[PDB]
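Notes to accompany the following structure.
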Amino acid sequence: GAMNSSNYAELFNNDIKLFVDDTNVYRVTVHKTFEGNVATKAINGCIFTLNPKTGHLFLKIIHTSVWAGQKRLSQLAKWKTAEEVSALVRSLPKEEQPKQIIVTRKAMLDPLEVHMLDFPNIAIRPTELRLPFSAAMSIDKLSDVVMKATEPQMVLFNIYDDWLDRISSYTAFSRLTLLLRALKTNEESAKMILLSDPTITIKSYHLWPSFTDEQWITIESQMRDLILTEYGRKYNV
Amino acid sequence: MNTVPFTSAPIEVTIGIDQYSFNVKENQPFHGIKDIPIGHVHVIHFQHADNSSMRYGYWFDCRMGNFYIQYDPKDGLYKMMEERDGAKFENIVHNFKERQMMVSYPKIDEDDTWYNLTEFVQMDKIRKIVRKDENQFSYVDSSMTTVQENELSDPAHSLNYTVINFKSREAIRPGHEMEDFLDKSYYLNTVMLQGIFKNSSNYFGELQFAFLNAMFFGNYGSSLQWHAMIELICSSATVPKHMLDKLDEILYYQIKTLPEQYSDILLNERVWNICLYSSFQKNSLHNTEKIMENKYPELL
Ligand SMILES: COc1ccc(C#N)c([N+](=O)[O-])c1
């Protein structure tokens, strides 16, 4: 059934599982027309498919051409997501296929279940967690590769960089979700915190800065301050 | 006009015959039901005074044989049986008709209700849903589960309705996942109508039989089947015009006949609201939508 605070360590056991987030699949800018009406213009999107144990991210870039001549795009986006996730599973060797797929939005359950009928043993699960994966496009290197795409493309990343060399997957996920929650609540302030120091560098093969352990404690503290504040600035407290 | 005689009524029981019913007292001189209209299937059903648990009954067609009811004190129920000796039956029945020991099937002349509820229901199809091939009549009760229910446990005593499952490989063509899930026309028209039922009359017959088992026995799996068969039509963008018109008539008479006090359990809010207001066929069921809105506006 549903994934929540009570079965949280299940994410870091040795059964392969993926989170699927579809928030950033169908993205538009809303604008005025010459006649003064409103129209949308789609921009490239992505499916965020993440192994929370290993950090492996399967970033399926959704090029705007996939929407050409289609109706009800927000509904199609859910089925397109499920088609691509299913195609990904089929492309993996049997021993790499997930035993569970957790969708971050319940509206993905029926599209993914239907696309995975061939895989009766893979459990499709919702979650009660409010995960901040929508902020993935606030990660500069992910945003860059999505916006530069001129065709459909899958790009593979490790969203934990090399952290698993020093910390556990539970701790890595906690750090990831803290960073992403910050970026979602106040992107400018979060980004200032991370890379405002120009003598701190992100490696070419990494997504986040190369912090020492002590600098990550400071960084993580600065993010929790940001989140609590915004939560005050937002409710006045 | 045919007759189902009874050897006796040793236990107090409410007896139903189609949509009619009457109370018989313990050891009352009751010896059966006469003037039963020929040309329709019928159902004779029972609820004991002491145990409202288990409504049960028998689907039959008097053209297929001479049937009589006898109370079995060992199994504790009224059993339908067939008399092969056509003279034992003619004489046994005539004796009871002369002594006026029978109730008359109480059809009003203007009244087409039973025909309208059983228009497409045939005994031969009943007997394939309810498998007991040594008898010409079919026993159903409140507790019997359906084949599909059993998959999710005695197979001899199951209701073998046609399995309908909207999230199944049978329902969903590879490569048409979204199309087939959101528009079930290929499942309705190719898989079910052309492939399994062969024609819409057999589809409607199973739909009507499922409703009648839900209404008369409170059979939950039959109610699931009735709603599934409605929902498959309503969720199809492409349905023959004659089928939609006939469905509207079918459902109208089912909703008309349903006890007003059983609406809460026998009607699935989600299915009816989807069928009448969201589905492709939202504007195709005028008679059904009108009676539903005037009789059960709460459900909607
Ligand atoms: C033992 O055979 C019979 C007993 C009772 C009845 C009756 N009622 C019939 N009959 O033919 O209707 C047959």
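All residue names refer to the structure tokens as shown: chains lettered A, B, ... in order, residues numbered from 1 in each chain, ligands numbered from 1 in order.
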Output as a list in words the set of chain A residues within 10 Å of chain B, with distances taken over only C-alpha atoms.
residues 75, 76, 78, 79, 80, 82, 83, 110, 111, 112, 113, 114, 115, 116, 117 and 118 of chain A
Distance query range 174-184 of chain A at most 12 Å, only C-alpha atoms, self and fewer than 3 positions along chain excluded, as an NGL selection string
:A and (8-9 or 11-12 or 50 or 52-53 or 55 or 129-140 or 158-161 or 163-164 or 167-171 or 187-194 or 207-209 or 216-217 or 219-231)
Among range 19-177 of chain A, which ones does DSSP assign to helix (DSSP H, G or I) (computed from the backbone)? Answer as a PyMOL selection string.
chain A and resi 64-67+73-91+94-96+106-115+133-138+140-148+163-165+169-177
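Coordinates place CA of residue 124 in chain B at a distance of 20.8 Å from CA of residue 219 in chain B.
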Write down as JSON, numbers by chain the residues of range 109-260 of chain B whose backbone DSSP state falls under strand (DSSP E).
{"B": [138, 139, 140, 141]}
At a cut-off of 6 Å and counting only C-alpha atoms and all ligand atoms, what residues surround ligand 1? Please answer as a ChimeraX atom specification.
/B:5-7,68,83,88-89,92
Export, as a tab-separated table (two decimals), in the first residue's frame, the selected residues with N, CA, C and O atoms.
```
chain	number	residue	atom	x	y	z
B	5	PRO	N	-46.60	-27.08	-8.11
B	5	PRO	CA	-47.22	-27.50	-6.86
B	5	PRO	C	-46.17	-27.71	-5.76
B	5	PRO	O	-45.01	-27.80	-6.05
B	6	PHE	N	-46.62	-27.76	-4.51
B	6	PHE	CA	-45.79	-27.93	-3.28
B	6	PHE	C	-46.33	-29.15	-2.55
B	6	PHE	O	-47.55	-29.25	-2.49
B	7	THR	N	-45.51	-30.06	-2.03
B	7	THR	CA	-46.05	-31.25	-1.31
B	7	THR	C	-46.68	-30.83	0.01
B	7	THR	O	-47.53	-31.65	0.47
B	68	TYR	N	-41.93	-29.17	-9.12
B	68	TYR	CA	-42.70	-29.10	-7.86
B	68	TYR	C	-41.72	-28.79	-6.73
B	68	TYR	O	-40.53	-29.06	-6.89
B	83	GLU	N	-40.82	-33.70	-11.92
B	83	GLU	CA	-41.63	-34.93	-11.96
B	83	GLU	C	-41.58	-35.43	-13.41
B	83	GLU	O	-42.10	-34.71	-14.28
B	88	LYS	N	-48.51	-38.28	-13.06
B	88	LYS	CA	-48.45	-38.12	-11.58
B	88	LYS	C	-48.67	-36.64	-11.32
B	88	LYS	O	-49.46	-36.34	-10.47
B	89	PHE	N	-48.02	-35.78	-12.10
B	89	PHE	CA	-48.10	-34.30	-12.03
B	89	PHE	C	-49.46	-33.74	-12.43
B	89	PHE	O	-49.97	-32.89	-11.72
B	92	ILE	N	-51.75	-34.84	-9.57
B	92	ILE	CA	-51.36	-34.24	-8.27
B	92	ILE	C	-51.80	-32.78	-8.29
B	92	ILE	O	-52.43	-32.39	-7.33
```
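Taking only C-alpha atoms into account, residue 117 in chain B lies nearest to B:207 out of the set B:207, B:191, B:228, B:267.
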If you count only C-alpha atoms, which residues fall within 8 Å of residue 21 in chain A, apart from same-chain ones fewer than 3 positions away, as a list in words?
residues 24, 47, 48, 49, 103, 104, 105, 133 and 134 of chain A
Would you export the selected residues with N, CA and C atoms as a PDB file, in the first residue's frame, please?
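Just written: out_23.pdb:
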```pdb
ATOM      1  N   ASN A  24       7.352  17.588 -13.528  1.00  0.00           N
ATOM      2  CA  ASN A  24       8.045  18.399 -14.530  1.00  0.00           C
ATOM      3  C   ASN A  24       7.956  17.817 -15.937  1.00  0.00           C
ATOM      4  N   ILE A  47      10.936  13.353 -16.878  1.00  0.00           N
ATOM      5  CA  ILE A  47      10.512  12.400 -15.851  1.00  0.00           C
ATOM      6  C   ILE A  47      11.680  12.211 -14.882  1.00  0.00           C
ATOM      7  N   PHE A  48      11.381  12.277 -13.579  1.00  0.00           N
ATOM      8  CA  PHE A  48      12.368  12.126 -12.510  1.00  0.00           C
ATOM      9  C   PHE A  48      12.152  10.746 -11.916  1.00  0.00           C
ATOM     10  N   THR A  49      13.022   9.807 -12.271  1.00  0.00           N
ATOM     11  CA  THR A  49      12.909   8.409 -11.838  1.00  0.00           C
ATOM     12  C   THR A  49      14.179   8.078 -11.064  1.00  0.00           C
ATOM     13  N   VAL A 103       4.987   6.151  -6.950  1.00  0.00           N
ATOM     14  CA  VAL A 103       4.665   7.392  -7.654  1.00  0.00           C
ATOM     15  C   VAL A 103       4.423   8.502  -6.646  1.00  0.00           C
ATOM     16  N   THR A 104       4.958   9.680  -6.933  1.00  0.00           N
ATOM     17  CA  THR A 104       4.794  10.769  -5.983  1.00  0.00           C
ATOM     18  C   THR A 104       3.409  11.406  -6.035  1.00  0.00           C
ATOM     19  N   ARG A 105       2.635  11.185  -7.115  1.00  0.00           N
ATOM     20  CA  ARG A 105       1.277  11.701  -7.258  1.00  0.00           C
ATOM     21  C   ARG A 105       0.292  10.582  -7.581  1.00  0.00           C
ATOM     22  N   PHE A 133      10.484  16.520  -5.128  1.00  0.00           N
ATOM     23  CA  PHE A 133      11.205  16.241  -6.363  1.00  0.00           C
ATOM     24  C   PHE A 133      10.864  17.237  -7.466  1.00  0.00           C
ATOM     25  N   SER A 134       9.755  17.971  -7.339  1.00  0.00           N
ATOM     26  CA  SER A 134       9.463  19.033  -8.314  1.00  0.00           C
ATOM     27  C   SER A 134      10.598  20.041  -8.432  1.00  0.00           C
TER      28      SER A 134
END
```
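Taking CA of residue 156 in chain B as the reference point, CA of residue 130 in chain B is found at 8.8 Å.
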Excluding same-chain residues fewer than 5 positions from residue 208 in chain B, what lies within 8 Å of it counting only C-alpha atoms, as number ranges by chain?
B: 117-118, 120-121, 226, 250
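Proximity to residue 94 in chain A was assessed for A:30, A:38, A:122, A:155 counting only C-alpha atoms; the smallest distance is recorded for A:122.
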Contacts of residue 51 in chain A at 12 Å or less, counting only C-alpha atoms, minus same-chain residues fewer than 5 places along, as a ChimeraX atom specification?
/A:11-21,56-59,96-102,156-160,169,172-173
Put those residues in a file: N, CA, C and O atoms, as a short mmCIF file (atom, residue, chain, number, x, y, z; two decimals), in the first residue's frame.
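Printed below is again_25.cif as written:
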```
data_model
loop_
_atom_site.label_atom_id
_atom_site.label_comp_id
_atom_site.auth_asym_id
_atom_site.auth_seq_id
_atom_site.Cartn_x
_atom_site.Cartn_y
_atom_site.Cartn_z
N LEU A 11 12.71 2.16 2.06
CA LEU A 11 13.40 2.78 0.93
C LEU A 11 14.87 2.36 0.81
O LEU A 11 15.46 2.42 -0.28
N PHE A 12 15.51 1.96 1.91
CA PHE A 12 16.94 1.72 1.90
C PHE A 12 17.28 0.25 2.12
O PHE A 12 18.44 -0.10 2.34
N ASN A 13 16.29 -0.63 2.00
CA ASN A 13 16.58 -2.05 2.01
C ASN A 13 17.03 -2.49 0.62
O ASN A 13 17.24 -1.67 -0.28
N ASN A 14 17.21 -3.79 0.45
CA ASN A 14 17.89 -4.32 -0.73
C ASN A 14 16.94 -4.83 -1.81
O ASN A 14 17.38 -5.54 -2.72
N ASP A 15 15.64 -4.48 -1.72
CA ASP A 15 14.69 -4.68 -2.80
C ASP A 15 14.75 -3.46 -3.71
O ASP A 15 14.54 -2.34 -3.25
N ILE A 16 15.05 -3.67 -4.99
CA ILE A 16 15.17 -2.56 -5.92
C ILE A 16 13.84 -1.82 -6.01
O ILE A 16 12.79 -2.44 -6.23
N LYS A 17 13.88 -0.50 -5.86
CA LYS A 17 12.69 0.31 -6.04
C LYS A 17 13.01 1.65 -6.67
O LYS A 17 14.14 2.15 -6.56
N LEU A 18 12.03 2.22 -7.36
CA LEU A 18 12.18 3.53 -7.96
C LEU A 18 11.04 4.43 -7.52
O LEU A 18 9.90 3.99 -7.42
N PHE A 19 11.38 5.69 -7.23
CA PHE A 19 10.41 6.75 -7.19
C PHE A 19 10.21 7.28 -8.59
O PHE A 19 11.21 7.48 -9.32
N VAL A 20 8.97 7.57 -8.96
CA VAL A 20 8.68 8.28 -10.21
C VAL A 20 7.96 9.57 -9.89
O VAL A 20 6.91 9.56 -9.25
N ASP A 21 8.52 10.69 -10.33
CA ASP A 21 7.86 11.98 -10.19
C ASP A 21 7.58 12.54 -11.58
O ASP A 21 8.51 12.66 -12.37
N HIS A 56 20.91 6.45 -8.24
CA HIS A 56 20.83 6.46 -9.70
C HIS A 56 19.54 7.15 -10.14
O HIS A 56 18.44 6.79 -9.70
N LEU A 57 19.68 8.15 -11.00
CA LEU A 57 18.59 8.95 -11.53
C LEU A 57 18.52 8.66 -13.02
O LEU A 57 19.54 8.74 -13.73
N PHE A 58 17.37 8.25 -13.48
CA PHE A 58 17.07 8.06 -14.90
C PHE A 58 16.24 9.27 -15.33
O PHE A 58 15.04 9.33 -15.08
N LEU A 59 16.89 10.25 -15.97
CA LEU A 59 16.22 11.51 -16.32
C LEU A 59 15.82 11.39 -17.78
O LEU A 59 16.66 11.55 -18.68
N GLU A 96 17.98 -6.14 -12.62
CA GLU A 96 17.95 -4.72 -12.32
C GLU A 96 16.54 -4.14 -12.31
O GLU A 96 16.37 -2.98 -11.93
N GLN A 97 15.54 -4.89 -12.73
CA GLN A 97 14.19 -4.34 -12.73
C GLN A 97 13.69 -4.13 -11.30
O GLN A 97 14.02 -4.89 -10.38
N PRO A 98 12.91 -3.08 -11.08
CA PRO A 98 12.45 -2.80 -9.73
C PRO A 98 11.40 -3.79 -9.30
O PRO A 98 10.62 -4.30 -10.11
N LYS A 99 11.37 -4.04 -8.00
CA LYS A 99 10.28 -4.81 -7.41
C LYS A 99 9.10 -3.94 -7.00
O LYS A 99 7.99 -4.45 -6.83
N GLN A 100 9.32 -2.63 -6.79
CA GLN A 100 8.27 -1.67 -6.52
C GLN A 100 8.58 -0.38 -7.27
O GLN A 100 9.75 0.00 -7.44
N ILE A 101 7.52 0.32 -7.67
CA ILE A 101 7.64 1.69 -8.19
C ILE A 101 6.71 2.55 -7.36
O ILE A 101 5.52 2.26 -7.27
N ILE A 102 7.26 3.57 -6.72
CA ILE A 102 6.48 4.51 -5.91
C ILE A 102 6.26 5.80 -6.71
O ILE A 102 7.21 6.51 -7.03
N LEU A 156 21.63 9.79 -17.58
CA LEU A 156 21.79 9.07 -16.32
C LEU A 156 22.70 9.86 -15.40
O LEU A 156 23.76 10.33 -15.84
N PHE A 157 22.29 10.00 -14.14
CA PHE A 157 23.04 10.73 -13.14
C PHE A 157 23.03 9.92 -11.86
O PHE A 157 22.22 9.01 -11.69
N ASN A 158 23.96 10.26 -10.96
CA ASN A 158 23.85 9.87 -9.54
C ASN A 158 23.57 11.14 -8.75
O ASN A 158 24.42 12.04 -8.68
N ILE A 159 22.36 11.24 -8.20
CA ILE A 159 21.93 12.48 -7.56
C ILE A 159 22.61 12.67 -6.21
O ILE A 159 22.47 13.74 -5.60
N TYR A 160 23.34 11.67 -5.72
CA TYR A 160 24.08 11.77 -4.47
C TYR A 160 25.56 12.10 -4.68
O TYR A 160 26.36 12.08 -3.73
N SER A 169 22.67 5.49 2.75
CA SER A 169 21.63 5.94 1.82
C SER A 169 20.49 6.62 2.56
O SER A 169 19.86 7.52 2.00
N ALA A 172 21.94 10.09 2.97
CA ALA A 172 22.00 10.76 1.65
C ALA A 172 20.63 11.22 1.19
O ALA A 172 20.46 12.36 0.73
N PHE A 173 19.62 10.36 1.32
CA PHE A 173 18.27 10.77 0.95
C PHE A 173 17.79 11.93 1.81
O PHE A 173 17.18 12.87 1.30
#
```
